[PDB]
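Next up: just one chain, as structure tokens, the form deposited in one PDB entry.
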């Protein structure tokens, strides 16, 4: 019953972002707030601070700068997402609860089309969440845990005969020494813990946005079905009161969908702005790294796996914002297609107000700067290309 964002609920719980995720009325509690703040500060100490210190201390060329900037960009963006979503937990939980309420309302319907919509949406949600989380967890594991795998392989194959001096993951500078085995082990353990938290944050929040957009689209399709039922009722030739009531219910459903979109925009405005700002640089830096070390190397493998991840991360938000916009827009077409000419002029004026509202553009803005649509994917992408070319000019 509560399968609404079931996999996303599991991912959130694994983060300790929400304790009792599997409830039908997820409750905001201060204990989760403070535990998640502590878990938010863990990556900053383990990942952000050492890597930034290395960037602003030990960087000695442009190639080293780009190499250090490839992972730290995404790490910093993920920490920002940690903080933003911890701050907005109330709105996010309210949005999830309202989506659950709408899903429960829909599941009571007896129309086969609605039931097919419900099943299709559930399957889409599950598949998308699983694929996204698996891909990004694999990316993070490849980037962070490679030395451990190499050490295990060397110990298994060469035993203690050959020597393979293990080194830490992506370069960083630590205030304390790590030469000692105990300090090295503790630092690596906390690095892995921070990496796990960051991977879960990225996967869970991106999947939450995509899945909420999917459910909003499903609710819009339910509204379309209701409008078609109103049109059939108009053709059947019923009384004025019945059509008035049907139009009122359709208007209420439209208002509910608009409220859901408003809550999503409020929750994810700054999220999207930071995401686009970071991706603009991330795609460029990853592409430059890929062209710098292309060959039969582990770096080539890591960069080739990373680049599609970032590109699809940007395309996710662009595509689903476009879906929100277009689905909201099509309501005017759905209301124009019914035989409104058969209705009394009063109901026609009500339909006219409905259509006046339904035509206003709707969607999620990039922190009020602009509305996010599919075309944005080009814009940001083009920007990335610019930076990329710049780097080449600097080299030669």
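In this text, the rigid core denotes the largest set of C-alpha atoms whose superposition between the two forms falls within 1.5 Å. Positions refer to the first chain, counted from 1.
The same protein also exists as the form deposited in another entry; that form is not shown, yet it is the one meant from here on.
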{"property": "Listed options 281, 122, 258, 192; Cα moving by 2 angstroms or more between the shown form and the other one (core superposition)", "result": "281"}
{"property": "C-alpha of residue 304 off by 2 Å or more between the shown form and the other one on rigid core", "result": "yes"}
{"property": "Threshold 2 Å Cα movement between the shown form and the other one at residue 295, rigid core reference", "result": "yes"}
{"property": "Rigid-core frame, C-alpha of residue 381, shift of 2 angstroms or more between the shown form and the other one", "result": "yes"}
